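Trainee: Quick mapping for you: the protein sequence lines, in order, are chains A and B. Just so we're aligned, residue 37 is where the first sequence starts under the authors' numbering, counting upward by one. Just so we're aligned, residue 37 is where the second sequence starts under the authors' numbering, counting upward by one. Got a structure for you, written out below as structure tokens; questions coming shortly.
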Amino acid sequence: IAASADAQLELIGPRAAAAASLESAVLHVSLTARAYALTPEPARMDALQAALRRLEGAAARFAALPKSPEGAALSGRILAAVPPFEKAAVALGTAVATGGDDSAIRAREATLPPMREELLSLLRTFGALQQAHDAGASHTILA
Amino acid sequence: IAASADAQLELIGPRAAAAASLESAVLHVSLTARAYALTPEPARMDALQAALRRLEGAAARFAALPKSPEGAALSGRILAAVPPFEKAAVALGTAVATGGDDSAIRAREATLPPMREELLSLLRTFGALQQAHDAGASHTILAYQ
Ligand SMILES: [Cl-]
Ligand SMILES: [Cl-]
Ligand SMILES: [Cl-]
Ligand SMILES: [Cl-]
Ligand code: NA
Ligand SMILES: [Zn+2]
Ligand SMILES: [Zn+2]
Ligand SMILES: [Zn+2]
Ligand SMILES: [Zn+2]
Ligand SMILES: [Zn+2]
Numbered sequence: 037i038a039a040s041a042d043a044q045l046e047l048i049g050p051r052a053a054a055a056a057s058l059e060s061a062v063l064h065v066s067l068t069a070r071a072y073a074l075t076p077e078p079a080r081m082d083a084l085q086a087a088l089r090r091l092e093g094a095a096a097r098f099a100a101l102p103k104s105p106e107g108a109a110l111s112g113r114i115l116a117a118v119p120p121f122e123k124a125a126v127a128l129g130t131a132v133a134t135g136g137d138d139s140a141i142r143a144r145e146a147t148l149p150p151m152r153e154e155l156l157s158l159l160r161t162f163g164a165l166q167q168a169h170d171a172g173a174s175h176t177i178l179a
Numbered sequence: 037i038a039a040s041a042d043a044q045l046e047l048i049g050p051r052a053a054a055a056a057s058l059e060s061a062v063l064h065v066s067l068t069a070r071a072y073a074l075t076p077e078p079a080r081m082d083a084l085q086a087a088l089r090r091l092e093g094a095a096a097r098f099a100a101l102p103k104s105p106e107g108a109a110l111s112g113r114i115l116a117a118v119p120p121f122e123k124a125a126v127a128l129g130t131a132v133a134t135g136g137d138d139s140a141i142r143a144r145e146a147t148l149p150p151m152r153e154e155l156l157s158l159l160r161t162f163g164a165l166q167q168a169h170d171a172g173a174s175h176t177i178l179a180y181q
């Protein structure tokens, strides 16, 4: 009861942490993909690959958190956008790795930033709504 | 697209985490203090005690990370708010423990929530500003040259 309330409130820190880590994974993927387009070395290709695994890991962690009703709606949208984003970043990396046109690399890569922006904008809104519901639930328990 | 830019951007996650975690430690000290005062019992004194050590650790993690210039203002004040809030929390505890008068304990208790809400308000403002700053730095870092 008190224990179950406290269990609810203690999700805050981890929920916020998972959201930011998904945020940061989306960034790191964009950053590593851009850098590999820029300089098609082994270490760069490897860093991109590692970034995509980090992204799948962050999406999964994020997916597992209980969310507020508002929060869960956005969450679905966020998670549904992650596979297309990964997919596009994989095509980029592949286009580079296989020696594509400097023009084909440019085109694959140009696809990413609109997806990145959308993904980051949804997570930012998720953070805002969830934190508001956290504040309401917080007050109910401490009252 | 240099290494120095990854290092900058990789601070986002931990900083955000340390902010949420301090937010949570502060709630948790409030929640255990209240529960103790409502129902004085050994495990509840223990938890308030544990919550206090947790808050000192969360403050220390948060104080350790670099912050944007906007944050640095709010930041300084957040951290200075912690000791007074802990000190009040100890005084509520100690009052319940030493066998306080139902009135005096209500007074010490009442002195907590204002301090909690102010600190949490600051923290959330800090989060919003740092987020806006991180979003602008990320954008710039990934801009086409
Ligand atoms: Cl990054
Ligand atoms: Cl709600
Ligand atoms: Cl709590
Ligand atoms: Cl922006
Ligand atoms: Na509040
Ligand atoms: Zn990175
Ligand atoms: Zn709500
Ligand atoms: Zn708690
Ligand atoms: Zn700034
Ligand atoms: Zn942007």
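The beta carbon of each residue, even a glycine, is placed where N, CA and C say it ideally should be.
1) Classify A:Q166: buried if its beta carbon has 16 or more other beta carbons within 10 angstroms, exposed otherwise.
2) Compute the distance between the beta-carbons of B:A73 and B:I141, then report whether it is under 8 angstroms.
3) May I ask you to report which of helix, strand or coil DSSP gives B:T130?
4) At the level of alpha carbons, what is the spacing between A:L158 and A:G93?
5) Taking Cβ-Cβ distances shorter than 8 angstroms, what residues in chain A pair up with B:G49?
6) Tell me whether A:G163 sits in a helix, a strand or coil according to DSSP, three-state version.
7) A:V65: which of A:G135, A:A125 and A:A53 sits nearest, CA to CA?
8) Does chain B have any CB closer than 8 angstroms to the CB of A:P149?
9) Chain B partners of A:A38, CB-CB under 7 angstroms?
10) Do you know how far the Cα of A:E122 is from the Cα of B:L88?
11) Take the Cβ of A:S40 as the centre, count every other Cβ of all protein chains shown within 10 Å, and call the residue buried at 16 or more, exposed below.
12) Give a yes or no on contact between the stretch 93-106 of chain B and the stretch 126-146 of chain B, applying the rule of three or more CB pairs nearer than 8 angstroms.
13) Compare the beta carbon distance of A:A56 and B:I48 with 8 angstroms and say whether it is the shorter of the two.
14) With a cut-off of 8 angstroms, does the C-beta of A:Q85 fall near any C-beta of chain B?
15) Which residues have their C-beta within less than 7 angstroms of a heavy atom of ligand 2, listed in chain order?
16) What residues sit near ligand 10, counting only those whose C-beta is closer than 6 angstroms to one of its heavy atoms, in chain order?
17) Could you spell out the range, first to last residue, of the alpha helix (DSSP H) harbouring B:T75?
18) Any idea what DSSP makes of B:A38, helix, strand or coil?
19) For the stretch 160-175 of chain A, which residues have a CB atom closer than 9 angstroms to at least one CB atom of chain B, in sequence order?
20) Using only CA atoms, which one of A:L45, A:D138 and A:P150 lies nearest to B:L178?
21) Give me, in chain order, the residues of the same chain whose beta-carbon lies closer than 7 angstroms to that of A:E59; leave out the 5 immediate sequence neighbours on both sides.
22) Looking only at its own chain, which residues have a Cβ that is under 8 angstroms from the Cβ of A:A61, when we skip the five neighbours before and after it?
23) Going by DSSP in three states, B:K123 sits in which element: helix, strand or coil?
24) Kindly say whether A:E92, judged by its beta-carbon, lies nearer than 8 angstroms to any beta-carbon of chain B.
25) Give the straight-line distance between the Cα atoms of A:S111 and A:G172, rounded to the nearest whole angstrom.
26) Thinking A:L128 and A:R144 are a contact (beta carbons under 8 angstroms), I'd like their distance in whole angstroms, please.
27) To the nearest angstrom, report how far apart A:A71 and A:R80 are at their CA atoms.
28) Take the Cβ of B:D170 as the centre, count every other Cβ of all protein chains shown within 10 Å, and call the residue buried at 16 or more, exposed below.
Mentor: Once the coordinates are examined:
1) Taking all protein chains shown into account, A:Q166 has 16 or more neighbouring C-beta atoms within 10 Å of its C-beta and is therefore buried.
2) The answer is yes: Cβ separation under 8 angstroms.
3) Per DSSP, reduced to three states, the secondary structure at B:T130 is helical.
4) Going from the Cα of A:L158 to the Cα of A:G93 covers about 19 angstroms.
5) Within chain A, the residues near B:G49 are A53, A56, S57, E59 and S60.
6) DSSP places A:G163 in the helix class (H, G or I) of the three-state scheme.
7) Measuring from the Cα of A:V65, the nearest candidate turns out to be A:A125.
8) Interface residue, yes.
9) Listed along chain B are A71, each with a C-beta nearer than 7 angstroms to that of A:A38.
10) Their Cα atoms are separated by approximately 42 angstroms.
11) Residue burial annotation: A:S40 is exposed, with fewer than 16 other C-beta atoms found within 10 angstroms of its C-beta.
12) The stretch 93-106 of chain B vs the stretch 126-146 of chain B: no contact.
13) Yes, the Cβ-Cβ distance between A:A56 and B:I48 is below 8 angstroms.
14) No, because no Cβ of chain B sits closer than 8 angstroms to the Cβ of A:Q85.
15) That query returns the following residues: A:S104, A:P105, A:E106, A:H169 and A:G172.
16) If you measure from each CB to the nearest heavy atom of ligand 10, the residues under 6 angstroms come out as A:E153 and B:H175.
17) Premise fails: B:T75 is in no alpha helix (DSSP H) and is neither H nor E.
18) If DSSP states are grouped into helix, strand and coil, B:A38 belongs with coil.
19) So the close ones are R160, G163, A164, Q167, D170, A171 and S174.
20) Selected option, being the one with the closest Cα: A:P150.
21) Here the set comprises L156 and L159.
22) Closer than 8 angstroms at Cβ, skipping near neighbours: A87, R90, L91, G93, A94 and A95.
23) Here B:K123 sits in helix by DSSP.
24) Among the residues facing chain B, A:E92 is not included, as its CB has no counterpart in that chain under 8 angstroms away.
25) Straight-line Cα distance between these residues: approximately 20 angstroms.
26) Confirmed, Cβ separation roughly 4 angstroms.
27) Computed Cα separation, rounded: 7 angstroms.
28) The residue is buried, with at least 16 neighbouring Cβ atoms inside 10 Å.
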